[PDB]
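Chains as they are written, first to last, in the authors' numbering: chain B, 1 to 81; chain A, 1 to 81.
The C-beta atom is built at its ideal place from N, Cα and C for all residues, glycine as well.
Each remark here refers to the structure printed beneath this line.
There are 2 protein chains.
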Amino acid sequence: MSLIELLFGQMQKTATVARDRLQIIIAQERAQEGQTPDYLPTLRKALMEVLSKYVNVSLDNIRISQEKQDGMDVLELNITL
Amino acid sequence: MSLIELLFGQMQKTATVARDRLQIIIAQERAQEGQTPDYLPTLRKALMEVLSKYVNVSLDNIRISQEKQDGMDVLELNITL
Numbered sequence: 001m002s003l004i005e006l007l008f009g010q011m012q013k014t015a016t017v018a019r020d021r022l023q024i025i026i027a028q029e030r031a032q033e034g035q036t037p038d039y040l041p042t043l044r045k046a047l048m049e050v051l052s053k054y055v056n057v058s059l060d061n062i063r064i065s066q067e068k069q070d071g072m073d074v075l076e077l078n079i080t081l
Numbered sequence: 001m002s003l004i005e006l007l008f009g010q011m012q013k014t015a016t017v018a019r020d021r022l023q024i025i026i027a028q029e030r031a032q033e034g035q036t037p038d039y040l041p042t043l044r045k046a047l048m049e050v051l052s053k054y055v056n057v058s059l060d061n062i063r064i065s066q067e068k069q070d071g072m073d074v075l076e077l078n079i080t081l
């Protein structure tokens, strides 16, 4: 039912890894009509600024992937701390 | 497979509403051990600041819901423009 249940719908993961994990979904649902790009990477940058302040993680561990569906674009930012 | 397919796994929605929709997932996976709260609403505030700049939407249309699972907390921000 919950989006989080969709994230955790692969049985129980259990096991302690002693690490924190951020799952950030930035989904912008638009249309075939559109213009003036630069929204997902704009917020991404801001999030990386906040990251640099509080969360010491390198882009070597941060997974950045954008997925396109029709006129909808979503940015996935997975952060391992 | 994709998180976006999980978001759009309820058949095809089609129908044009001539409106934009943002689906923001801010998921912080931690543990029973933890302290110094105030991360989800901190980013939420920052996002609302960016919203006020670029995206003219009122909290009357913005859905704000936090979901707790064990030592994991996720904040869902749904914005209708």
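Check: How far does the alpha helix (DSSP H) with A:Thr42 in it extend, from its first residue to its last?; Outcome: 40–54
Check: Which residues does DSSP pair with B:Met72 in a beta bridge?; Outcome: B:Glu29, B:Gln69
Check: Is B:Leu6 helix, strand or coil when you go by DSSP?; Outcome: helix
Check: Using a Cβ cut-off of 7 Å, pull out every chain C residue sitting near B:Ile4, in sequence order please.; Outcome: Checking the listed chains, one finds no chain C in this structure; the protein chains it contains are B and A.
Check: With 9 Å as the C-beta to C-beta threshold (strictly closer), list the residues of the stretch 46–60 of chain B near chain A in chain order.; Outcome: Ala46, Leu47, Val50, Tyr54
Check: Do we get a CB-CB distance below 8 Å when we pair A:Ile24 with the residues of chain B?; Outcome: yes
Check: Just verifying my parser: in three-state terms, what is the DSSP assignment at B:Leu59?; Outcome: coil
Check: For B:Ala31, does the count of other Cβ atoms within 10 angstroms reach 16, so buried, or fall short, so exposed?; Outcome: exposed
Check: Name the one or two DSSP bridge partners that A:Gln35 has.; Outcome: BP columns for A:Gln35 are empty, so no partner.
Check: Near A:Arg19, which residues of its chain fall below 7 Å by C-beta distance, leaving aside the five closest residues on each side in sequence?; Outcome: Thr80, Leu81
Check: What does the alpha-carbon distance come out to for the pair B:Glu29 and A:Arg44?; Outcome: 19 Å
Check: Measure the Cβ-Cβ separation of A:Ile62 and A:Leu77 and say whether it is below 8 Å.; Outcome: yes
Check: Classify A:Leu81 as helix, strand or coil using the three-state DSSP reduction.; Outcome: coil
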